[PDB]
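> Here you go, one structure.
6 protein chains.
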Amino acid sequence: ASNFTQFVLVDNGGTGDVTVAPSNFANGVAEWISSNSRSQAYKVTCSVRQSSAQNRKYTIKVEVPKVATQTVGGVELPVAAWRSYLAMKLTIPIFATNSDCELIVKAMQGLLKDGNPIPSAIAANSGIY
Amino acid sequence: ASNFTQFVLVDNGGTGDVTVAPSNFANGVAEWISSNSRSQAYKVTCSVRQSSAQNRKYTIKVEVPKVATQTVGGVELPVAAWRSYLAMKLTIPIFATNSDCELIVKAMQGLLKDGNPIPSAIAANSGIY
Amino acid sequence: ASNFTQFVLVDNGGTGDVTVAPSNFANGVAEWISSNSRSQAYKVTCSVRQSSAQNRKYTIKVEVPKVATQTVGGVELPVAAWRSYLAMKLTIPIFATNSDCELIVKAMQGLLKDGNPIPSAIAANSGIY
Amino acid sequence: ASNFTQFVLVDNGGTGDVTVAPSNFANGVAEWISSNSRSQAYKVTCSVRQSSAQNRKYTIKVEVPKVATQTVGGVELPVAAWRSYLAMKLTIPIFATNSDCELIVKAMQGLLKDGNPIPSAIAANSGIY
Amino acid sequence: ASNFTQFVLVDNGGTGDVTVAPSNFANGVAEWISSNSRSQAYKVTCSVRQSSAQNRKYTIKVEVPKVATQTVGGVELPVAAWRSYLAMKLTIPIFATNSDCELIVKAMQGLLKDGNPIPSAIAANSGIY
Amino acid sequence: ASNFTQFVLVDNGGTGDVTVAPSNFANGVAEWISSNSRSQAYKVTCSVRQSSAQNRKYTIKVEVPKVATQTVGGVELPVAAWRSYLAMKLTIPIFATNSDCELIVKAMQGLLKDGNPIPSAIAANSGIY
RNA sequence: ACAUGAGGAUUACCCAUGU
RNA sequence: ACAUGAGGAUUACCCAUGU
RNA sequence: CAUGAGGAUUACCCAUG
RNA sequence: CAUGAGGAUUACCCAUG
C-alpha cells in the first residue's frame, strides 16, 4: 500500500485545516511538514527500531508553530514566535499481535478524545484535579 | 475544570469497552487504572510542571497489556513480554493561550486519528514504507 | 522496475499460502513481513550497495518461524528455539550485464529447486551423504 | 539414498543447461563443479555444523564464472574474466521438525521465484523500490 | 508516496531514452542508476542538510559515461571510456516559502533551456564569446 | 556571433519573466544581471578552464534574490531579504565530441525537468522520501 | 574459538566490535 | 551504547544516575 | 564545519580561517 | 592546483594530500 501519505493534522472542518505531507525519509526518519516556509512549517517525524532483544520502539515527534512576522534589520521575515513540542515513545513487545497493537492504538485515541480528562485539562491550561 | 474522573480508554461501541478510573493522586500525579490485577491492568498517569522559564510540560504515560493468549488473573512472566508502554511529553510555551492549546490538542488527535499513517503503521507491526 | 510489492513466500497451492507484504523502507532497506506478531512472523529484507570498486553486493535476509507445536499469538521463549535465519550475500562484478544477472538468478533457483541435493538435505535435517 | 548427486544448476530447457556434479567431499565440505577446466568451472559447496549448543548451521556457497580466453605471454588460456559469488548461511534450531524445515525450504524457493520482487530487481541491476 | 521513483534522465524521443532507477539510499544520500553493466551505468545522487541556522543546502550529482568495449589480453569487458561529471550545490534560506522554491527551480530550468547561452556553449565544446 | 546575449532566466508566461543581460566579462568570467536595483537583481556567471590534461571544467553560478524593502531609521532601500545560491561544476574529457556534449546537456535538462524527483523535492522544501 | 556487522575479498579466506 | 528520570532544550539534541 | 572560475580515481583529496 | 552530502558575506573562507 504505502502508509507514507499526507494527512490532515488539524481538522477544522474542510476549511482552515492544517494538512501535512511527506517531505523526507532520509536516515530512516519519516518526515511530514505543512506547506509553509521551512521556518513556519508544522512538522511530524516518526521512526521505529528493534531496541531490546525483544522490543520494538516507535519514536514520534510533532511540532506546532505559532506563526508570526518578525522585522529583522528593517526587513520582515516569516517565522514562528514559538513552538509547541510533542514527543512520544512507544515500546511494544515483539509478542504483540496485530490485534494486540490495534488495542494500543485505540487506547491512545481514547486518551485524547474530546471530553476526556487529559485533552480537557491541556486545552484549558489546567492540571488534573 | 474538575476533571479527575473515570473515562473510556478503549471504545468498542459499549460492548467490550475498557474503562479506566481514578486510582491514586499522590504527589499531584493523577492515576487511572482498569479493573484488573495490577500486572495486567491498563494504566494512565498525567502531570504538569513548568519545565523551564518559558515552557510548561505535560508528562503523560499509558500502559497497555498484551491480550492475545493472555491468562486473566494469572502470573505472566517475563513482564516485558506482556506489556506495552507509552510515554508522552508535551512542551508548551507560557505564551500559549487556551485557544493555542486547543489547536495543539486537535493536532494530537489528528496525528493518531484512525486511517492516518502513524497509527496505521503501529497497528500493523510496521514502519513507514 | 517498481518492485516493492507484496508476494507469496510459501506457496501451498493457494490454500495455506504464506504471503509477505511491504512493512518498512527506512534507510533504503526493504522489509516484508507476514501478518503475525513480530515474534512469530515471516520476515524478508533486502538491499544493494557497492561493496567495492569492482563489485556490487546484495544482502538478503529471511526469518522463518518454527510452527510445529507453535502457539499462535503466544509468548514463546527462548527465541532461538523458535526461529530460523537465512542470510544471503550476492556479490556481482560491475561488468555483469542484465543477461549475466539473469543467469545468476537461474543458478540460484536451480540450487534450491525441489529435488536437487541442497534443499533435500535441509528439508530432512540432513547433511550430504 | 545419498543426496550427493549431480544436478542442473542453470536450466535453459534441455540445451545450454549448466549441469554440476560431485567433485569432492574432502574435509567435510561437499563440492560440485561443472565439466570445465578447473579455472572456468562453476562451483557449489555445502556443509552443516552443530554450531550452538542448540542450532545447526548450513553454509552454502555458489560461484558463477564469466568464461573468457586470455592471451598470457603469447599463449591463450581458458579462464574466467570475473566471478559472481553467492554465499548463504542458514541457522535452524534443533527443535525444528522435518515439517518445519520443509517450510524454510519452500520459503527460500518463493523468495527467488520468477516474478517476485527480489530475483526481479537482481536481474535488472536494480534495487527494490 | 515517494519521490524516490525512477525517471527519465535523458530524453531521446520514446526510444534511446536513458532511464535511471533507485539503487540505494544509505546515509540520507539518494542514488539512482541506469540499467545493465554497472560499469557503464548513468548515476545520480541527491541529498539535503541544514547547512547552517538559516539555510538548508542541496547537493546533487550526475555522472554521464562514454560507453565502450575494453579489450585487454584478448579479454573484453563493457566499460566506460570516461565519464563526464556534474556536481551542484543549492542553498536556500528557511524563509523560502513553497513559492520561493518553485521560482528557484524555474531559474534552474531556464538556465539550461535549449538555446540559452550556457547549455549552448557546453554542448558546443565552447565557452562564452 | 556571440553567445554572450541576454536571455530569459525565469519564464512566467510572457510577463513576470525574469530577464538577465550581459554585465561584465572580466577574467574570462561571463556575467549576466537582471535589470533595476542591482541590490535586487538576479545574477548568473559562467566560465571554462582546462582543469587538467584530459578535462575541461565549467563553473556556473546563479543567484535568486528575495525582493524586499528595508526601512531603517525611517529610510527605506530596495534590497534582497536574502538570496538562494546555486553553484555547479561540470567536468568533460577532451574526447567528448560535439555529440557527447549534447547528451550531457540533455542529462542536465532531464535532471531538472518538471515532475522528476529532484526539481520536485526542491520546490517542495523536501528531500527524498 | 564462538557471537554480531545492509563488513571486505583473490572466495572454505580476511577485518572490526562483543564475550 | 543501551536502561532509567512527573530530567532540560535552540527539538532526531543535551544532562544525570545505573550496567 | 565554512570559501576557492581549486584537482579527482567523483559523497574523495588539497590550499586557505 | 586536486577531493569534501565542508560553511559563506557567494568567483571568497576552511579541513585535508
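Top line first, the protein sequences correspond to chains A, G, R, P, Y and F.
Each residue of the first sequence is one higher than the one before, counting from 1405 in this note's numbering.
Each residue of the second sequence is one higher than the one before, counting from 1405 in this note's numbering.
Each residue of the third sequence is one higher than the one before, counting from 1405 in this note's numbering.
Each residue of the fourth sequence is one higher than the one before, counting from 1405 in this note's numbering.
Each residue of the fifth sequence is one higher than the one before, counting from 1405 in this note's numbering.
Each residue of the sixth sequence is one higher than the one before, counting from 1405 in this note's numbering.
Virtual Cβ for every residue (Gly too), placed ideally from N, Cα, C.
#1: Kindly list, in the order they appear in chain Y, the residues whose Cβ is closer than 8 Å to that of R/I1498.
#2: Identify whether F/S1488 lies in helix, strand or coil by the three-state DSSP scheme.
#3: In its own chain, which residues sit with a C-beta less than 6 Å from the C-beta of R/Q1454, not counting the 5 before and 5 after it?
#4: So if DSSP puts P/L1481 in a beta bridge, which residue, or which two residues, is it bridged to?
#5: With a threshold of 8 Å between beta carbons, is Y/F1411 in contact with chain R?
#6: Answer yes or no: does any C-beta atom of chain R fall closer than 8 Å to that of P/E1506?
#7: Among residues of its own chain, excluding the 5 on either side of A/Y1462, which ones have a beta-carbon nearer than 6 Å to its beta-carbon?
#8: Tell me, to the nearest whole angstrom, how far the beta carbon of P/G1531 is from that of Y/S1427; I am working on the premise that it is less than 8 Å.
#9: When DSSP builds the beta bridges, which residues end up paired with P/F1411?
#10: So P/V1466 packs on P/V1448, CB below 8 Å; how close in whole Å?
#11: What residues match up with A/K1461 in a beta bridge as DSSP calls it?
#12: For A/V1448, which of helix, strand or coil comes out of DSSP?
#13: List the DSSP bridge partners of Y/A1434.
#14: Which residue's Cα is closest to the Cα of Y/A1484: F/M1492, F/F1499, F/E1480?
#15: So, for A/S1488: in the same chain, excluding its five sequence neighbours on each side, which residues have a beta-carbon less than 7 Å away from its beta-carbon?
#16: Under a CB-based cut-off of 8 Å, is P/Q1454 close to chain R?
#17: Hey, out of Y/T1473, Y/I1464, Y/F1429, Y/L1515, whose CA is closest to F/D1415's CA?
#18: How many Å lie between P/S1406 and R/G1420 at the Cα?
#19: Counting only C-beta atoms, is G/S1530 closer than 8 Å to chain R at any point?
#20: Suppose the cutoff is 6 Å on Cβ atoms and the five residues either side in sequence are ignored; what does the same chain contact list for A/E1480 look like?
#21: Is the beta carbon of R/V1424 closer than 8 Å to that of R/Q1410?
#22: Could you check where the alpha helix (DSSP H) with A/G1514 kicks off and where it finishes?
#23: Which word fits Y/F1408, buried or exposed, when buried means at least 16 other C-beta atoms lie within 10 angstroms of its C-beta?
#24: So the candidates are Y/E1435, Y/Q1513, Y/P1482; which of them puts its Cα closest to the Cα of F/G1519?
#25: Classify F/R1442 as buried or exposed, calling it buried when 16 or more other Cβ atoms lie within 10 Å of its own Cβ.
#26: Going by the CB atoms, is the gap between Y/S1438 and Y/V1412 shorter than 8 Å?
#27: From this set, G/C1505, G/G1417, G/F1429, G/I1522, which residue's C-alpha is nearest A/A1525's C-alpha?
#28: Measuring alpha carbon to alpha carbon, tell me which of G/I1496, G/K1517, G/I1522, G/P1521 ends up nearest G/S1456.
#29: At the 8 Å Cβ level, is R/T1419 part of the contact set with chain P, yes or no?
#30: Throw me the rounded Cβ distance for the G/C1450 and A/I1522 pair, which I believe falls under 8 Å.
Once the coordinates are examined:
#1: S1441, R1442, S1443
#2: Here F/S1488 sits in strand by DSSP.
#3: Here R/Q1454 has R1460 as same chain residues with Cβ atoms under 6 Å from its own Cβ, once five neighbours each way along the sequence are excluded.
#4: P/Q1474
#5: no
#6: yes
#7: So the qualifying residues of the chain are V1452, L1494.
#8: Rounded, the Cβ-Cβ distance is 5 Å, consistent with contact.
#9: P/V1424
#10: 5 Å
#11: A/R1453, A/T1495
#12: strand
#13: Y/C1450
#14: F/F1499
#15: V1468
#16: Taking Cβ atoms only, chain R never reaches closer than 8 Å to P/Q1454, which makes this a no.
#17: Y/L1515
#18: Their Cα atoms are separated by approximately 31 Å.
#19: yes
#20: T1473
#21: yes
#22: 1502 to 1516
#23: Counting the other CB atoms within 10 Å of its CB gives Y/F1408 a total of 16 or more, which places it among the buried residues.
#24: Y/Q1513
#25: exposed
#26: No. Outside cutoff.
#27: G/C1505
#28: G/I1496
#29: no
#30: Taking C-beta atoms under 8 Å as the contact rule, G/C1450 and A/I1522 qualify, at a distance of about 6 Å.
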